[PDB]
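Next up, work_9.txt (compact mmCIF, C-alpha atoms and all ligand atoms):
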# COMPACT_ATOMS: atom_id res chain seq x y z
CA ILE B 312 -11.86 -10.85 154.35
CA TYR B 313 -13.33 -7.66 152.87
CA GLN B 314 -13.21 -6.20 149.36
CA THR B 315 -12.92 -2.41 149.49
CA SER B 316 -11.38 -1.05 146.27
CA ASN B 317 -9.10 -1.99 143.37
CA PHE B 318 -5.33 -1.65 143.06
CA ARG B 319 -5.35 1.25 140.60
CA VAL B 320 -2.06 2.52 139.15
CA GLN B 321 -2.30 6.17 138.18
CA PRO B 322 -0.77 7.26 134.86
CA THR B 323 2.69 8.79 135.04
CA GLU B 324 2.66 11.47 132.32
CA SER B 325 0.46 12.82 129.51
CA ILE B 326 1.63 11.78 126.04
CA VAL B 327 0.20 13.95 123.27
CA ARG B 328 0.46 12.97 119.60
CA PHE B 329 -0.68 15.37 116.86
CA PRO B 330 0.39 15.47 113.20
CA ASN B 331 3.60 17.44 112.65
CA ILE B 332 2.43 20.15 110.25
CA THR B 333 2.15 23.92 110.72
CA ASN B 334 -0.12 25.16 107.91
CA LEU B 335 -2.69 27.72 109.05
CA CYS B 336 -6.20 27.03 107.79
CA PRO B 337 -7.73 29.94 105.81
CA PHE B 338 -10.60 30.84 108.14
CA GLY B 339 -10.31 34.54 107.31
CA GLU B 340 -11.58 34.27 103.74
CA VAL B 341 -14.27 31.82 104.87
CA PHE B 342 -15.70 34.03 107.62
CA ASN B 343 -15.47 37.33 105.72
CA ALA B 344 -15.08 37.82 101.97
CA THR B 345 -16.13 40.32 99.32
CA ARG B 346 -19.06 38.23 98.05
CA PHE B 347 -21.03 35.31 99.49
CA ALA B 348 -23.38 33.33 97.27
CA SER B 349 -26.98 33.26 98.44
CA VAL B 350 -29.01 30.41 99.92
CA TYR B 351 -30.35 29.05 96.62
CA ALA B 352 -26.77 28.20 95.59
CA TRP B 353 -24.31 28.01 98.49
CA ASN B 354 -20.67 26.98 98.28
CA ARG B 355 -18.61 24.23 99.93
CA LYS B 356 -15.25 25.10 101.49
CA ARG B 357 -13.36 21.83 102.02
CA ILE B 358 -10.75 22.56 104.69
CA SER B 359 -8.15 19.81 104.53
CA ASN B 360 -4.71 19.04 105.98
CA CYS B 361 -3.92 22.25 107.85
CA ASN I 710 -31.88 -63.71 138.57
CA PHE I 711 -30.67 -60.15 139.16
CA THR I 712 -28.37 -57.63 137.49
CA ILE I 713 -26.42 -54.72 138.99
CA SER I 714 -26.37 -51.57 136.85
CA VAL I 715 -24.22 -48.57 137.78
CA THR I 716 -26.04 -45.35 136.89
CA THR I 717 -24.33 -41.97 136.68
CA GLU I 718 -26.13 -38.96 138.14
CA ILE I 719 -24.73 -35.44 137.71
CA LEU I 720 -25.58 -32.56 140.02
CA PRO I 721 -24.25 -28.99 139.92
CA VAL I 722 -23.01 -27.86 143.31
CA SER I 723 -21.56 -24.41 142.69
CA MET I 724 -20.99 -21.74 140.06
CA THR I 725 -18.14 -19.31 139.48
CA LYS I 726 -17.58 -16.80 142.30
CA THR I 727 -17.78 -13.71 140.12
CA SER I 728 -17.33 -10.13 141.31
CA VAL I 729 -18.16 -6.76 139.74
CA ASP I 730 -16.81 -3.31 140.61
CA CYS I 731 -18.74 -0.16 139.67
CA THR I 732 -15.99 2.39 139.12
CA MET I 733 -14.26 -0.07 136.79
CA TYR I 734 -17.45 -0.96 134.89
CA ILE I 735 -19.84 1.97 135.36
CA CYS I 736 -16.96 4.42 134.83
CA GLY I 737 -14.28 4.11 132.19
CA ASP I 738 -11.65 4.97 134.86
CA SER I 739 -12.69 8.64 134.76
CA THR I 740 -13.11 11.26 137.49
CA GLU I 741 -16.32 13.14 136.65
CA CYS I 742 -18.09 9.81 136.22
CA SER I 743 -16.94 8.92 139.73
CA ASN I 744 -18.43 12.17 141.03
CA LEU I 745 -21.79 11.45 139.38
CA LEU I 746 -21.78 7.82 140.55
CA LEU I 747 -21.17 8.90 144.15
CA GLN I 748 -23.96 11.44 143.61
CA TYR I 749 -26.41 8.65 142.73
CA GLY I 750 -25.90 7.01 146.10
CA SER I 751 -25.23 3.60 147.63
CA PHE I 752 -26.31 1.23 144.85
CA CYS I 753 -22.73 -0.05 144.57
CA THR I 754 -22.58 -1.12 148.21
CA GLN I 755 -25.77 -3.12 147.67
CA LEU I 756 -24.35 -4.70 144.50
CA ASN I 757 -21.08 -5.66 146.19
CA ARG I 758 -22.96 -7.06 149.19
CA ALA I 759 -25.19 -9.16 146.93
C1 LIG Z 1 -27.73 -64.40 135.95
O1 LIG Z 1 -27.31 -63.48 134.92
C2 LIG Z 1 -25.90 -63.48 134.66
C3 LIG Z 1 -25.64 -62.40 133.63
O2 LIG Z 1 -26.38 -62.63 132.44
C4 LIG Z 1 -25.46 -64.87 134.20
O3 LIG Z 1 -24.06 -64.89 133.95
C5 LIG Z 1 -23.85 -65.37 132.61
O4 LIG Z 1 -24.08 -66.79 132.53
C6 LIG Z 1 -23.92 -67.32 131.20
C7 LIG Z 1 -24.29 -68.78 131.27
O5 LIG Z 1 -25.26 -69.03 132.28
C8 LIG Z 1 -22.49 -67.08 130.72
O6 LIG Z 1 -22.37 -67.55 129.38
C9 LIG Z 1 -22.15 -65.60 130.79
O7 LIG Z 1 -20.78 -65.41 130.46
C10 LIG Z 1 -22.42 -65.06 132.19
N1 LIG Z 1 -22.16 -63.63 132.25
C11 LIG Z 1 -21.50 -63.04 133.25
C12 LIG Z 1 -21.33 -61.56 133.14
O8 LIG Z 1 -21.07 -63.68 134.21
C13 LIG Z 1 -25.83 -65.90 135.26
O9 LIG Z 1 -25.51 -67.20 134.80
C14 LIG Z 1 -27.33 -65.82 135.56
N2 LIG Z 1 -27.67 -66.76 136.62
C15 LIG Z 1 -28.63 -67.69 136.49
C16 LIG Z 1 -28.85 -68.58 137.67
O10 LIG Z 1 -29.27 -67.82 135.45
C1 LIG Z 2 -11.33 38.94 107.28
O1 LIG Z 2 -11.04 39.85 108.35
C2 LIG Z 2 -9.75 39.64 108.94
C3 LIG Z 2 -9.64 40.60 110.10
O2 LIG Z 2 -8.53 41.48 109.94
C4 LIG Z 2 -8.65 39.83 107.90
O3 LIG Z 2 -7.39 39.53 108.48
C5 LIG Z 2 -8.89 38.92 106.70
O4 LIG Z 2 -7.95 39.21 105.67
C6 LIG Z 2 -10.31 39.12 106.16
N1 LIG Z 2 -10.57 38.20 105.06
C7 LIG Z 2 -10.75 38.59 103.80
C8 LIG Z 2 -10.69 40.07 103.55
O5 LIG Z 2 -10.97 37.79 102.90
Target encoding C-alpha cells, full file:
Amino acid sequence: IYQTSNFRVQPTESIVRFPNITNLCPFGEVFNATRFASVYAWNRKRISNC
Amino acid sequence: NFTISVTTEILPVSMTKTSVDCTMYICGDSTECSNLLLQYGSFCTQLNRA
C-alpha cells in the first residue's frame, strides 16, 4: 500500500458577499480641495459606510 | 511457608500511527503556496517516508 495524495474536492463556484449599498465615497474633495491645513494641524477625514 | 502474589506489569507496545501531509498543513489549500513548496524541493517525500 502506498500513500500518494489526498482526495481533494475542488470548489464548484465562487460566492461573493458584499454589503448592498451604492454610496460613492467622496474621494474627490479629499484628494483635491481649495485649502489644506498644514502639518502642524492636519485634519481627519473619517470615511464611513460608502 | 510461602505466599503467591500476582504482580501487574504494564508495557507500552505501540503508539498511534499518525500521518501528516504537507499541502494540507504547509499550505492552506492554496495554489501559489503549492508552487513555492514544490520550489523548495523534496522535504515532503522525506517526511512522508519517515
Ligand atoms: C501458610 O500461609 C497461609 C496464608 O496465610 C495459611 O492459610 C491460612 O491459615 C490460617 C490458619 O492456619 C487460616 O485461618 C486462614 O484462613 C488461611 N488463609 C488462607 C488464605 O487459606 C496457611 O495455614 C499457612 N501454612 C502453614 C503451614 O502455616
Ligand atoms: C477634484 O478633481 C476632480 C477632477 O475633475 C473633480 O471632479 C472634483 O470635483 C475635485 N474636487 C474638489 C474640487 O473638491
Write out, as CSV, each residue of chain B that has an atom at most 12 Å from ligand LIG 2 (chain Z), together with the closest pair of atoms and their distance in Å to one decimal, counting all atoms listed in the file, rows going by chain and rising number.
residue,atom,partner,partner_atom,distance
B:337,CA,Z:LIG2,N1,8.8
B:338,CA,Z:LIG2,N1,8.0
B:339,CA,Z:LIG2,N1,4.3
B:340,CA,Z:LIG2,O5,3.7
B:341,CA,Z:LIG2,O5,7.1
B:342,CA,Z:LIG2,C1,6.6
B:343,CA,Z:LIG2,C1,4.7
B:344,CA,Z:LIG2,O5,4.2
B:345,CA,Z:LIG2,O5,6.8
B:346,CA,Z:LIG2,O5,9.4
B:347,CA,Z:LIG2,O5,10.9
Nearby polymer residues, ligand LIG 1 (chain Z), at most 12 Å, only C-alpha atoms and all ligand atoms, as JSON, numbers by chain: {"I": [710, 711, 712, 713, 714]}
Residues of chain I were defined as contacting chain B if any atom lay at most 9 Å from it, counting all atoms listed in the file; please report them as a list in words. residues 730, 733 and 757 of chain I
Computed gap from atom CA of residue I:756 to atom CA of residue I:729 is 8.1 Å
So that I can see what lies close to stretch 332-336 of chain B, please list as a list in words the residues with an atom at most 9 Å from it, counting only C-alpha atoms and leaving out residues fewer than 3 positions away in the same chain.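 Final neighbour list, sorted by chain and number: residues 329, 339, 358, 359, 360 and 361 of chain B.
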Between atom CA of residue I:752 and atom CA of residue I:732, what is the distance in Å, rounded to a tenth?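 Straight-line distance from atom CA of residue I:752 to atom CA of residue I:732 works out to 11.9 Å.
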What's the 10 Å shell around residue I:735, counting only C-alpha atoms, without same-chain residues fewer than 6 positions away, as a count of residues only? 5
Two-atom distance - atom CA of residue I:736, atom CA of residue B:313 (Å): 22.0 Å
Pick the closest to residue I:751 from I:722, I:731, I:737, I:717: which is it, counting all atoms listed in the file? I:731
